[PDB]
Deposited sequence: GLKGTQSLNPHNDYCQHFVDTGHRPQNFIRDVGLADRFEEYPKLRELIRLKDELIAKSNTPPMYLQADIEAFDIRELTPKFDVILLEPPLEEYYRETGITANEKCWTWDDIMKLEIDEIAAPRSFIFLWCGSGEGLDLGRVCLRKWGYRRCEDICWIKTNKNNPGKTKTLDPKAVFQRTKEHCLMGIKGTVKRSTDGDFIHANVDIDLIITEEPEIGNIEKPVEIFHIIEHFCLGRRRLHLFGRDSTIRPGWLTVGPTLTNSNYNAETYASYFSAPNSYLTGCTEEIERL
């Protein structure tokens, strides 16, 4: 069966016909125990000195509002001028949502500009089971890319969900599960998150947040010794 032909005939995207969507649940439980309380800060990131965000992060998840998500938007001009390398830990990771257009190229420049190399290309494949173009596009675009970068010395690289309703820009929460299952460290930063993305074990910073609770000293206190090097997947260290 040729699913490309079928999509041309019926409008059903080939990904509509992918099936299947011990236990890694103890791991999810250990992640849940070591998670810091959610912390969040409203900040207009264009006008913001990100150096105030401390300590340096083990994971950064970067979700700038691209113009192409809407059919304040950030261009790739704005994005690559962010000083991400000033808040990343010497060994750390980035997950950068790049869209489906020029972001697949300009996002790689960003990663390299900030000192990372790409190790994974995670593809969010959007099904249209419920509802069966950029001028330069050759094909209908049915996916977004989240690039994974590393600096310093169980899951697949695909997320499959139904295409969200027009105007809805949320990315699949599955991206958080992939990141947390990597056990990369406990300082996790989500840039351009929203009230609806705030989540235990994460510091969320974005312009549309309606409330803040971030305090750099309080935040750093979660990783003072004996907890400085936890992966986020191990039992807590006992006190008194």
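Stretches of the deposited sequence left without coordinates are 1 to 11, 33 to 45, 96 to 103, 165 to 169, 191 to 203, in sequence order.
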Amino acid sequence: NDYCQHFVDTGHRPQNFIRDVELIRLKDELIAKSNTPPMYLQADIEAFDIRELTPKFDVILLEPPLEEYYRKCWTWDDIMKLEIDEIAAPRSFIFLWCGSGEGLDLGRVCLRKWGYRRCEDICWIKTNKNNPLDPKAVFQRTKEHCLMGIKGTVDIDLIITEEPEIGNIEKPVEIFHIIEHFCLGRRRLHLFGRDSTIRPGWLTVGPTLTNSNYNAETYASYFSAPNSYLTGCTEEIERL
From here on, numbers count along this sequence of modelled residues.
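Coverage remark for residue 22: absent from the model in at least one third of the other entries compared whose chains are built on both sides. For the two regions 201 to 209 and 29 to 37, the entry's Cα B-factors average higher over 29 to 37. Look at the mean CA B-factor for 102 to 110 and for 157 to 165 in the entry; the higher one is 157 to 165. The residue among 188, 171, 56, 51 whose C-alpha atom has the highest B-factor in the PDB entry is 51. Residue 63 sits in the lowest third of its chain by CA B factor, as recorded in the PDB entry. Ranked within its chain, residue 175 lands in the lowest third, by CA B factor from the PDB record. Annotation for residue 115: C-alpha temperature factor in the lowest third relative to the rest of the modelled chain, per the entry.
Annotation for residue 134: C-alpha temperature factor in the highest third relative to the rest of the modelled chain, per the entry.
Residue-level temperature factors show residue 91 in the middle third of its chain, judged at the C-alpha atom.
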